[PDB]
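Asks: Pasting a structure below so you can have a look.
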Amino acid sequence: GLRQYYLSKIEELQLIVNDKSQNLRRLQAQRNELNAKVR
Amino acid sequence: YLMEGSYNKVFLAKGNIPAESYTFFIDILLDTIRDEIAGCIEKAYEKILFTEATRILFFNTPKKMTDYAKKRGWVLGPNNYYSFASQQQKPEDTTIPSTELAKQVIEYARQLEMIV
Amino acid sequence: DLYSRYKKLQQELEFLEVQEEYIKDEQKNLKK
Amino acid sequence: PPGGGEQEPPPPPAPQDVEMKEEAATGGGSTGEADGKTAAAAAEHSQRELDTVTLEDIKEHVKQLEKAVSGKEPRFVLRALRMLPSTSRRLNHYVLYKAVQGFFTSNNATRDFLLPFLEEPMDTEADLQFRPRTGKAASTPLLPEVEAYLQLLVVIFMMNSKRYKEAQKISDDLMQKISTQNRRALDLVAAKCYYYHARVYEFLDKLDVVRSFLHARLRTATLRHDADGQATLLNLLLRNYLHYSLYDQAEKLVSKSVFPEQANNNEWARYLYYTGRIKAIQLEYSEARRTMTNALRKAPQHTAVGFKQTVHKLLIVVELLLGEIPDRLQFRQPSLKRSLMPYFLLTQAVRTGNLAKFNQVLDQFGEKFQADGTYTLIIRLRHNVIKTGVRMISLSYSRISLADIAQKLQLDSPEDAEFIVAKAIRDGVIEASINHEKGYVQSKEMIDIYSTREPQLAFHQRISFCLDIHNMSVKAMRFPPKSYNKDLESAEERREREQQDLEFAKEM
Amino acid sequence: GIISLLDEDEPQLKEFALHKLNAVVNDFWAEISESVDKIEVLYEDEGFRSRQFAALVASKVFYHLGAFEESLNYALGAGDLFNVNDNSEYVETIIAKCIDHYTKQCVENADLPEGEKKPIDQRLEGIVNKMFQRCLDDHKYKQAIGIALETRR
Amino acid sequence: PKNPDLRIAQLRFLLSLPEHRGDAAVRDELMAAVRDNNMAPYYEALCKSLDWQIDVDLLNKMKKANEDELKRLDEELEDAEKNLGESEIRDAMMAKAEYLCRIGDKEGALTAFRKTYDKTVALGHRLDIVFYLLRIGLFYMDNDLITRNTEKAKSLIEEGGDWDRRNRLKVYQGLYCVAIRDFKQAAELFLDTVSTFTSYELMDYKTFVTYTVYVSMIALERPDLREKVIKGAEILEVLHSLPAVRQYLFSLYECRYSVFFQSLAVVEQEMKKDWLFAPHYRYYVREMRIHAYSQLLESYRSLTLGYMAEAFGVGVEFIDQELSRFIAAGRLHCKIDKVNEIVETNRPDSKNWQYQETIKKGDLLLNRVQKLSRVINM
Amino acid sequence: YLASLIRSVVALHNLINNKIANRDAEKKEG
Amino acid sequence: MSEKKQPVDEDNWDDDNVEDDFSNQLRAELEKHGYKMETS
């Protein structure tokens with residue numbers, strides 16, 4: 001049952017990637033405009 | 001009919017069964033409305049004599065009115081049901097909004113300036 | 001191999017959690 | 001033959017002209033870009049699949065002389081569809097059967113010839129491992145069989161085609177669904193075939209085996225992948241359980257699959273309605289009026305007659321159970337001339353204070369309320385009509401006899417008109433006293449509800465909520481920050497030239 | 001709808017009532033899901049010849065409802081009837097709780113192995129090296145080099 | 001031409017909506033319809049009418065006469081451009097395109113009007129064109145198209161004073177504000193009644209007087225009524241010709257309560273038969289009732305219920321059921337007693353009732369911005 | 001309650017000022 | 001998009017509120033008062 005044990009971890013962690021990376025790429029442009037305002 | 005204040009029609013349905021006995025169900029149906037009339041004696045009524053609320057259930061003159069009259073108030077008197085219609089104690093509470101609103105004001109201040 | 005496919009994917013969760021806290025601090029410090 | 005020979009030959013090529021550009025683009029895109037490439041970043045063939053459902057819902061009507069769809073099946077079923085050197089001849093094979101329709105006569109598929117149009121997962125190197133190809137190439141003939149239904153001895157042809165799609169579906173349930181969207185792409189094809197499955201194979205025959213098989217299909221969800229199997233497998237679970245009387249309402253209370261996490265605005269929007277009627281038949285206590293309202297407001301823009309006329313009815317059924325009623329006659333577009341008159345004629349009696357006017361409704365349209373089946377919810381409105389009455393008379397009159405209110409409410413009995421009033425003080429509603437010896441019911445003038453702490457709660461319900469929609473206008477906002485390419489400070493050449501000019505200022 | 005007769009006090013309708021808890025545990029699976037959970041009553045009762053299959057079907061029904069540890073402890077105390085069938089989609093459901101719970105406890109047992117150690121119910125570590133013999137005997141050793149580390153042994 | 005063109009639509013109302021009264025309306029409406037070149041606006045009025053089987057030659061002589069005016073425009077456009085004046089093509093059909101507005105439908109009106117709008121460099125023609133678009137905007141009840149050219153109209157009167165183009169315009173906004181149920185704005189647009197003129201659409205100035213008094217009697221309170229409509233010599237002498245409306249207005253002012261209902265049935269029944277008040281005759285008098293009730297009832301506190309029958313209007317149980325639906329309707333601020341037979345009143349401070357509309361508008365705008373917020377960004 | 005009612009509308013206007021910076025920029029630059 | 005699977009298949013509001021309070025009540029008062037001048 002390696003298809004239904006190990007490969008079942010491939011399908012799950014990607015969903016955490018798919019929105020936490022979106023959170024970062026939102027928040028860092030939000031930093032970047034303000035840093036351009038600073039300098 | 002039990003949903004609204006239809007009492008008398010329900011007690012007309014107590015005995016008007018065409019189907020079968022239903023006796024054990026209309027005896028629960030009897031107790032569960034016995035404490036309901038025994039509940040709705042507790043309004044701001046006036047003096048009721050020993051005939052009117054004596055006959056609102058189904059009794060002429062047993063000591064079942066002594067069972068209810070000593071169970072709750074509306075005390076056994078000279079043909080009298082005593083009205084302790086007070087409803088006085090609970091108002092004038094500033095402190096409870098001064099605790100709950102004291103929480104909710106700061107909770108308004110949390111999602112007001114602090115970034116989330 | 002396939003055993004690396006979750007351990008190497010939680011290593012970037014250890015690396016991934018800190019970033020929102022870091023820019024979370026830079027949210028106030030650019031004001032200050 | 002002139003009228004057929006000039007109006008029948010143009011509807012083969014132009015549907016071929018658009019279907020070599022929409023689902024041959026899905027044939028080149030969802031087979032080679034979902035089975036072999038990532039489709040999560042580019043899942044446009046699901047909405048293109050929505051287009052190739054909604055177009056074909058009203059594309060075909062006729063029994064197809066000139067083989068205008070009847071010649072498509074000897075064309076579209078001979079498909080290897082393995083790779084580009086094997087489909088480069090297939091691009092010719094989209095043309096080589098046009099000579100079979102036009103030059104010769106093809107197999108006229110008229111209710112009998114669907115058997116040699118289905119036994120092709122074997123002819124010329126066809127497979128089942130490419131289930132983005134074999135589930136779409138299952139559904140692409142599985143739809144137009146069942147789109148008009150043709151209930152005359154086509155039920156077994158549709159049935160066997162559903163059996164081959166069940167071979168693709170068991171291969172979906174068991175065989176290699178990791179990181180390919182094999183499960184995800186065929187939960188939409190599986191979901192859409194559950195309704196043709198469920199409009200031939202439901203109300204004709206034996207849905208209660210699709211109960212057990214559907215709990216197996218729900219069983220293979222939620223472990224391997226956490227999307228698309230949590231959503232449709234619960235309304236498709238619910239849709240006859242609402243028409244049944246099993247205990248599966250409290251199971252839907254304790255279910256973990258109640259949130260399938262942004263279920264595509266279409267199953268999710270109706271799901272809140274389907275669970276709205278659950279607490280309707282299990283006694284709305286103003287819990288689900290916001291989920292009925294939300295189920296209304298998350299609708300698209302097509303028509304109203306299928307579900308929206310019934311949420312426009314049932315949404316304020318449950319508020320008629322409360323005591324509040326908005327006017328239903330609003331945007332009179334299709335729903336407010338055709339499907340109100342018994343039901344707005346209901347609430348016209350509820351907004352009055354008459355007792356047997358409700359009976360004048362419920363003898364006039366008792367059967368129309370049983371046409372949809374809301375009648376067991378309509379039957380309990382007498383309680384709220386009489387609470388509307390006692391609020392109306394207790395609000396209007398101040399010192400009113402009990403020997404007047406029964407006659408104005410045509411109750412025909414004062415002796416329980418003490419008792420409806422009695423439970424009206426019991427349950428909350430009206431507060432003040434009754435002079436049962438005299439007859440009059442006195443009521444105090446309760447003004448300055450302002451200082452009483454209700455409108456601070458009417459505030460506080462909407463303070464935090466308007467801050468919530470402010471916060472949603474903050475959080476749904478920072479994605480268009482993107483392509484912020486370069487914040488150049490000043491320059492390099494003009495900075496060196498400014499340093500040279502300052503050097504000239506220092507030399508001068 | 002077989003559920004109402006769980007107070008027979010004649011212990012072979014418990015057996016005949018768990019006759020239908022494996023074949024038709026799809027349709028009224030939604031029925032007996034939250035309302036009646038008297039598995040532990042006959043499981044702790046003196047009445048034997050059940051308490052064996054009863055923990056299997058609570059390991060079925062509490063799994064999908066998010067009670068993973070409730071299906072996991074009955075998955076331990078269920079016995080020989082529980083691990084006899086590995087021809088379904090269910091062994092991946094139970095060892096992803098069992099061996100996961102095993103290694104996340106064996107990190108603490110890698111901290112302090114001596115004293116206050118695990119009361120294993122003779123299968124929580126038995127299917128560890130049993131399924132590890134499945135790994136050693138199913139030809140794959142680029143992963144059998146892996147479970148030997150992941151067991152922290 | 002569009003100057004008698006409102007009577008046409010009012011007589012279309014007179015044809016359609018009174019079902020028994022549809023004979024002399026289809027006689028005189030045809031008397032105006034199959035002459036003066038009218039072609040388009042009565043085919044569906046012919047459907048609501050009888051068969052009128054041989055209308056073919058009647059349509060042919062008038063599409064022929066329409067073709068005559070069309071082809072003399074087609075004889076004008078090439079002579080106009082040979083030696084040009086002020087774009088004499090659009091100067092011919094800037095006058096005959098209103099003929100095409102009456103005779104044709106709104107299209108040959110609209111492309112020629114928006115066409116010729118760019119011709120004249122002063123508003124002396126433009127604002128009259130916009131007045132024409134307003135008048136057809138009433139005719140096809142173009143409730144969105146009136147909103148444009150009202151503002152586009154009013155954008156022109158600021159240069160100059162143009163009071164025959166502003167006070168005349170106020171009649172259009174007043175008839176729109178009484179077309180909709182906006183009475184306090186209808187009388188406020190009907191404030192002057194001095195510069196208002198012997199119009200085309202109300203050829204009787206006295207009909208305008210009746211309209212502004214019928215909206216003013218709701219629209220303003222006693223101070224405004226005891227200064228404004230009672231001291232105007234320009235308003236008194238025109239209802240001096242009115243026996244009914246003078247009595248109908250003064251009976252409320254002179255506290256003549258029982259006779260007020262008599263002329264109330266008259267004016268309300270006429271309002272039921274009237275065009276443009278037929279949407280709201282049901283809403284009018286139910287405001288008049290509660291106004292006449294509250295005026296008398298806020299005088300006393302200990303006034304009984306069996307006083308109003310003989311002094312105010314007969315039927316004690318009618319007063320019972322009529323006040324019960326108003327206190328129960330949430331207005332008419334008093335509290336009636338029953339079995340001691342007296343009507344009590346109260347007084348609310350403006351702390352709850354002034355708050356009720358605030359929670360109404362708050363829930364309305366919260367519904368608005370929440371609905372829009374669900375619409376945008378998917 | 002009034003100012004709280006205004007603030008969300010302000011940020012909604014600020015949202016539309018960002019969607020105009022999204023849709024009319026992604027097609028232009030790429 | 002917008003397929004929405006089918007399970008079965010001012011000028012307007014103020015006078016509708018008058019249809020709420022004023023649906024089947026009076027409707028034609030021109031003669032009831034003249035029939036109440038002699039009774040009342």
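Ordering of the structure tokens sets the chain letters (A, B, ...), residue numbers begin anew at 1 in every chain, and ligands are numbered from 1 in the order given.
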Set out as a Markdown table a contact list for chain D and chain F with a cut-off of 7 Å, giving each residue of chain D that qualifies its closest atom pair and distance in Å to one decimal, counting only C-alpha atoms, ordered by chain and rising residue number.
Replies:
| residue | atom | partner | partner_atom | distance |
| --- | --- | --- | --- | --- |
| D:392 | CA | F:328 | CA | 5.6 |
| D:395 | CA | F:328 | CA | 6.2 |
| D:396 | CA | F:328 | CA | 5.2 |
| D:397 | CA | F:336 | CA | 5.3 |
| D:398 | CA | F:337 | CA | 5.1 |
| D:399 | CA | F:337 | CA | 4.9 |
| D:400 | CA | F:338 | CA | 5.1 |
| D:401 | CA | F:339 | CA | 6.5 |
| D:450 | CA | F:352 | CA | 6.2 |
Asks: List the neighbours of residue 17 (chain H) out to 10 Å using only C-alpha atoms; skip same-chain residues closer than 6 positions along the sequence, and give me the result as a PDB file with N, CA and C atoms, in the first residue's frame.
Replies:
ATOM      1  N   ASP D 327     -41.937  41.973   1.614  1.00  0.00           N
ATOM      2  CA  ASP D 327     -42.783  41.841   0.438  1.00  0.00           C
ATOM      3  C   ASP D 327     -42.032  41.052  -0.628  1.00  0.00           C
TER       4      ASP D 327
ATOM      5  N   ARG F 282     -54.644  54.899  -4.071  1.00  0.00           N
ATOM      6  CA  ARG F 282     -54.775  54.059  -2.898  1.00  0.00           C
ATOM      7  C   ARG F 282     -53.869  54.507  -1.760  1.00  0.00           C
ATOM      8  N   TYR F 283     -52.691  55.038  -2.080  1.00  0.00           N
ATOM      9  CA  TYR F 283     -51.764  55.510  -1.066  1.00  0.00           C
ATOM     10  C   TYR F 283     -52.068  56.934  -0.610  1.00  0.00           C
TER      11      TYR F 283
ATOM     12  N   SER H  23     -55.940  45.440   1.305  1.00  0.00           N
ATOM     13  CA  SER H  23     -56.205  44.460   0.257  1.00  0.00           C
ATOM     14  C   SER H  23     -57.690  44.292  -0.020  1.00  0.00           C
TER      15      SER H  23
END
Asks: If the cut-off is 8 Å, can you tell me the residues of chain F near chain H, counting only C-alpha atoms? I'd like them as a list in words.
Replies: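 In the required form, that comes to residues 180, 265, 279, 280, 282, 283, 309, 310, 314, 315 and 325 of chain F.
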Asks: Using only C-alpha atoms, which residues sit within 8 Å of region 3-20 of chain A once same-chain residues fewer than 5 positions away are excluded, as a PyMOL selection string?
Replies: (chain C and resi 2-3+5-6+9-10+16) or (chain D and resi 176+178-179+223-226) or (chain E and resi 89+92+96)
Asks: Do a neighbour search on residue 25 (chain A) at 12 Å with only C-alpha atoms, toss out local chain neighbours closer than 2 positions, and write the hits as a list in words.
Replies: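 That gives residues 17, 18, 19, 20, 21, 22, 23, 27, 28, 29, 30, 31 and 32 of chain A; 16, 19, 20 and 23 of chain C; 478, 479, 480, 481, 482, 483 and 484 of chain D.
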